[PDB]
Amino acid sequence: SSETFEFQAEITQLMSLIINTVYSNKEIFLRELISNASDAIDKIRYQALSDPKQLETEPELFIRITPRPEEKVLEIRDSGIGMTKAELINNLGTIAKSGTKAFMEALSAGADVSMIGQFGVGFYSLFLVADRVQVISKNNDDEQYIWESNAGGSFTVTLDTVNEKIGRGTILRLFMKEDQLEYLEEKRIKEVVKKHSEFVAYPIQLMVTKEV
């Protein structure tokens, strides 16, 4: 039962810019998504300072990267606070737009795309390497929902009936661009993550398939 929503115009403008740009350093998306994951875990830990039972839906705090090469998909999972249906709509598509236009103005002047996180919109850097994204999220106060965008003017939010029901947190499922499948490889993922993983407080887990 998917509902369709319109992006704020400025968010559409930013996504079109990023999904089309020939910017050289596409690997920065991993730092930005890991940073957002870490912030989401910070939030649930902080909420749990005064309400420890909020952690019980998923007591392990982790960031997990799962390449799914047959589907040409990269998943970035956190056990952070998660987003409700209302938050997915609000935070990702229909307002979220203040740092958005300031960052585009900075880009026009020559700022590097790598500054995107300092404008608070690093999430949209995923479009450097992905044509489409599903954000699968479970907040303690709502059911699990799927937000899906292909960088158009519209996105959908759907009650999740197809993915694993996670305890708590968010999966960013990246449908990788055909020319960006290097980020599905263990060696490449490790190289990139180690450039900025030193001070991430939570374990960054790489799901690797070993043939016995």
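The first residue of the sequence shown is number 1, and the count goes up from there.
When 36 to 44 is weighed against 154 to 162, 154 to 162 comes out higher, by mean CA B-factor as recorded in the entry. 121 to 129 and 100 to 108 differ in mean CA B-factor, and the higher of the two is recorded for 100 to 108. The PDB entry gives the largest Cα B-factor of the residues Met83, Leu74, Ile116, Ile95 to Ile95. The PDB entry assigns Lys177 a C-alpha temperature factor belonging to the highest third of its chain's modelled residues. When the modelled residues of the chain are ordered by their C-alpha B factor, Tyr202 lands in the lowest third. Sort the modelled residues of the chain by CA B factor and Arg68 lands in the middle third. Sort the modelled residues of the chain by CA B factor and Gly167 lands in the middle third.
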